[PDB]
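Q: Take a look at this one; I'll ask things after.
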Amino acid sequence: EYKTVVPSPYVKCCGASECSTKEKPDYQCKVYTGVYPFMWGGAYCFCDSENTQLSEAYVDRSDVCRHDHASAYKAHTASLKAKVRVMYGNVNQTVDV
Amino acid sequence: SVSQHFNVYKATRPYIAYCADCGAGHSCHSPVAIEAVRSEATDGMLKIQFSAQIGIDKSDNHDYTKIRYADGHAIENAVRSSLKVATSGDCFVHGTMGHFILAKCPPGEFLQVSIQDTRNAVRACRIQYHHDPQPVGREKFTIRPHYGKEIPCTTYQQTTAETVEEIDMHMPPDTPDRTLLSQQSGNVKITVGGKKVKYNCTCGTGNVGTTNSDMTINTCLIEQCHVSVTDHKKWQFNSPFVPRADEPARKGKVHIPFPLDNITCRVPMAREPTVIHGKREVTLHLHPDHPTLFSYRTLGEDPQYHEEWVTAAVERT
Amino acid sequence: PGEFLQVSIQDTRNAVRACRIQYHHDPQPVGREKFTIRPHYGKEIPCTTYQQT
Amino acid sequence: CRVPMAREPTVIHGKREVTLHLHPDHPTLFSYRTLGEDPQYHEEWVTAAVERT
Amino acid sequence: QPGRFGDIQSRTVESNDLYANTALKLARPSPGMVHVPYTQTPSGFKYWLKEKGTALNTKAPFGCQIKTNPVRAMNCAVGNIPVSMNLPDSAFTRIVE
């Protein structure tokens, strides 16, 4: 199972941020404009417009799948292995072959 | 002792985040804000993560009856006994530390986490999460039996050790608060309040800086300046609802409290069926009391397999 | 969602008076999706509700 | 009145037909009409991942 | 492919390659808020768990019981086992006796 890491947006308002591309799995970086964050308690910066949000998100393996993974082997050749019991005279023995 | 386990939280703090609901369908910015439910145990035990800290008092001290819930700009102390993590039913808390609660909620659609703040109020966050635990095995029982098998189901350990799992961190942003700015009959006063508020005042040229005291720039108006604290002492937890500061993810590494471990697990053995012999066939009188499996394969060549969930008495042949 | 509706108040003598009738309550939110709790990022459509005023 | 938008379907192209991997998380509506003449409409409530073509 | 088995594919449990095609797409935040909305097709692995189908354990021909850790099929009742035996004279018994 995957896990979507979502770093906190870098809202460089009163300016202009740029899409800093990366190489993480399925990495997505988007840059918006004309956005007015509204952090609790009032506006987020003295500007009224001309602001940018550098939203980014990328996939990553779940924090725990050393325990919950599903292998995808590719099997080609078999190999028999049998446990046999033999009873002649009196040996009453069992062997692995 | 456990005090060593809390040496990491000395530099962290709770934060206020968006909720989109507080049990009344209204945007909150509630101090409690569920971030991610992490059901991954075959046993079934949610690991709710929310914007608060349990077990640590306001004074950065271990105490299993205190909750650090953010409020305004300073931390507070809320009695832990007022924790009511409850889905459609009511979860039984299985211990908590830091930001992660442990629950065993009954089936439901929504998850609600609530704490009682200092002023005997009820802050809560309620998010949608289709919780529907399915106990390990082949019988979807409800409560543990007494005489049954023992199959392995992984669960979240109560042990609050250090785990390889990590949660990111970064310094908080510059929180804005218009209450600091106040008109003074044609002048403006900014209550420092032991903070490091900044300002990008448009009233008059050169009115930019980070005052550390009760600066009282005059001849200005309320809607001519943007005041915002610049607290940088403690750390927040990389919330998607918290605009990060300019610094690119200083990446503090608070360890996730509760790990996942392989443990045994009980399961009932269903009623043995009443076989009825017949010509080249049987007719079983299945007598369940909760959804069980039933699969028969003809161990010849090219079998005739089958697999179905029996919910009530049937007469499968 | 539920089948019955119960309303109770505590009388003078620390007792619980209550009335409970049968009402097949099952609200389905407006729109084409029968979600349970409000989302955070979503569309905005008009739905009638009683004004608290 | 707020309301979420269901996850976008995973379209699979095909000869004069498409196959959609609907991936809901709560009962949604799914209806398609062939905007020609005398359409072949359809409408259903999906509750689990399906493979409608 | 997104949604079905193996939308997330690591080359090995410990390795870090993580081909993660999952249709993770971003969207502009609603005005007056600081979310980072995204529309990601759910865990493809999880959907495989729900729609895994009849496991081989319940449809193996010839009543072959299946075990996992050293993946194997046991008690496979198929074919014959040719056996060649070299015997010392001590085992046999003299006719006159």
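Computed from the coordinates by the stated procedures, all read-outs in this text should not be read as laboratory data. When we count neighbours, we look across all protein chains shown, and the Cβ atoms used for this are built from the backbone with ideal geometry, even at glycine.
Q: For chain B, compute the orientation-averaged projected area of the C-alpha convex hull (one quarter of its surface), in nm².
A: 24.0
Q: Whose amide H sits under 5 Å from the amide H of B:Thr154, counting only residues 5 or more places off or on another chain, with H placed in the peptide plane?
A: B:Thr42, B:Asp43, B:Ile263
Q: Could you check how many percent of all C-alpha pairs in chain E are farther apart than 24 Å?
A: I get 62 percent for the Cα pairs in chain E exceeding 24 Å.
Q: With viscosity set to 1.567 mPa s at 4 °C, what whole-number translational diffusion coefficient in µm²/s follows for chain A from Stokes-Einstein and a Kirkwood radius over Cα pairs?
A: Approximately 67 µm²/s, per Stokes-Einstein.
Q: Can you list, bin by bin at 10 Å, the percent of alpha carbon pairs in the protein assembly as shown, starting at 0?
A: 3, 11, 20, 22, 18, 12, 7, 4, 2, 1, 1, 0, 0, 0
Q: Using a cut-off of 12 Å between beta-carbons, work out the net charge of the residues near B:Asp231 (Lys and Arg +1, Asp and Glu -1, B:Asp231 not included).
A: Residues near B:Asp231 contribute +4 overall.
Q: Now a separate question. Find me the longest stretch of chain A that has none of the exposed trypsin sites (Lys or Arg not before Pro), where exposed means in a DSSP loop (not H, G, I, E or B) with at most 11 other Cβ atoms within 10 Å.
A: Answer from the scan: A:23-73.
Q: Could you list, in their original order, any pairs among B:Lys196/B:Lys233; A:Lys30/B:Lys234; B:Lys47/B:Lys195; B:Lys66/B:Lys233; B:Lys104/B:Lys251; B:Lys66/B:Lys234 whose Cα atoms are separated by more than 23 Å?
A: A:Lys30/B:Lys234; B:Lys47/B:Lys195; B:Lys104/B:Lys251
Q: Rounded to whole Å, give me the distance from the Cα center of the range D:33-53 to that of the range D:1-26.
A: Using only Cα atoms to place each centre, the spacing works out to 11 Å.
Q: Something else: Just report the Cα centroid separation between the range E:29-84 and the range A:20-62, whole Å.
A: Cα centroid of the range E:29-84 versus Cα centroid of the range A:20-62: 38 Å apart.
Q: OK, next. Can you put B:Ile67, B:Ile276, C:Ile37 in order, fewest other beta carbons within 10 Å first?
A: Fewest to most other Cβ atoms nearby, the residues stand as B:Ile276, C:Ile37, B:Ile67.
Q: Debye calculation, C-alpha points only, no solvent: report log10 I(q)/I(0) for the range B:277-317 at q = 0.27, 0.31, 0.34 Å⁻¹, in the same order as the q values.
A: Those come out to -1.01, -1.11, -1.16, one per q.
Q: Still on this structure: Using mean Cβ contacts within 10 Å as the protection proxy, how do B:226-235, B:210-219 order, highest first?
A: Highest-to-lowest ranking by the protection proxy: B:226-235, B:210-219.
Q: Still on this structure: Looking at chain B as a GNM with Cα springs under 10 Å, which of B:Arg13, B:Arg271, B:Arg123 has the largest mean-square fluctuation?
A: Of B:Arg13, B:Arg271, B:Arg123, the most mobile in the Gaussian network model is B:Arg271.
Q: With 10 angstrom as the radius, rank B:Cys125, B:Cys105 by how many other C-beta atoms surround their C-beta, starting from the fewest.
A: B:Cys105, B:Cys125
Q: Pop a pseudo-label 7 angstrom from the Cα along the beta-carbon direction at both E:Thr93 and E:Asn80 and give the gap in nm to one decimal.
A: For the pair E:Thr93/E:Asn80, the computed spacing is 2.8 nm.
Q: List the relative contact order of the range E:1-72 as a percent without decimals, with contacts defined as Cα pairs under 8 Å and 6+ residues apart.
A: Over the range E:1-72, the number comes to 28 percent.
Q: Taking the highest mean first, how do the peptides B:153-163, C:17-27 order by number of other beta carbon atoms within 10 angstrom per residue?
A: Result, highest mean Cβ count within 10 Å first: B:153-163, C:17-27.
Q: Quick one: compute the contact order of the range B:7-158, relative version, from alpha carbon pairs under 8 angstrom and 6+ residues apart, as a percent.
A: Once divided by the residue count of the range B:7-158, the mean separation gives 23 percent.
Q: Here's something else I'd like to know. Which value, in nm² and rounded to one decimal, describes the direction-averaged projected area of the C-alpha convex hull of chain C?
A: 6.5
Q: What's the longest uninterrupted piece of chain D once you rule out the trypsin sites (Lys or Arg not before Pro) that are loop residues per DSSP with at most 13 other Cβ within 10 Å?
A: That would be D:34-53.
Q: Right, something else. What trypsin sites (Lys or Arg not before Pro) does the range E:41-70 have in DSSP loop regions with at most 10 other beta carbons within 10 Å?
A: E:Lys52
Q: For chain A, which GluC sites (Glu not before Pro) pass both filters: DSSP loop (anything but H, G, I, E, B) and at most 14 other C-beta atoms within 10 Å?
A: Answer by residue number: A:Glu18, A:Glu23, A:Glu50.
Q: Same structure again: Going Cα to Cα from E:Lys46, which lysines come in below 18 Å? Please leave out same-chain ones fewer than 8 positions away.
A: Excluding near neighbours in sequence, the set is A:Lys3.
Q: Related question: What residue among E:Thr54, E:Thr68, E:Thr39 has the largest mean-square fluctuation in a Gaussian network model of chain E, using Cα springs under 10 Å?
A: Checking each option, the largest mean-square fluctuation is seen for E:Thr68.
Q: Which one, B:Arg244, B:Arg38, B:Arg144, has the greatest fluctuation when you compute a Gaussian network model over chain B with C-alpha springs under 10 angstrom?
A: Largest GNM mean-square fluctuation: B:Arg144.
Q: Relative contact order of the range B:154-313: what whole-number percent is it, with Cα pairs under 8 angstrom and at least 6 residues apart?
A: For the range B:154-313, the relative contact order is 27 percent.
Q: When the convex hull of the C-alpha atoms of the range B:1-135 is computed, what volume per residue in Å³ does it have?
A: 107
Q: Another question, if that's okay. Sum up the charges of everything whose Cβ sits under 9 Å from the Cβ of B:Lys58, counting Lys and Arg as +1 and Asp and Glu as -1, but leave B:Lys58 out.
A: Combined, the nearby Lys, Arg, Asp and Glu give -1.
Q: Excluding residues fewer than 8 places away in the same chain, name every one of the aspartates and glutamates whose C-alpha is closer than 16 Å to that of A:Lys83.
A: A:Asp96
Q: Here is a follow-up. When each pair of different Cα atoms in the range B:43-115 is counted once in the 1/r mean, what is the Kirkwood radius in angstroms, to one decimal?
A: 12.6
Q: Continuing with this model, one more query. Give me the mean projected area, in nm² to one decimal, of the convex hull enclosing the Cα positions of the range B:85-197.
A: 13.0
Q: Going out from 0 in 10 Å bins, what whole percent of all Cα-Cα distances in the range B:156-196 drops into each bin?
A: In order of increasing distance, the bins hold 17, 28, 16, 17, 14, 8, 0 percent.
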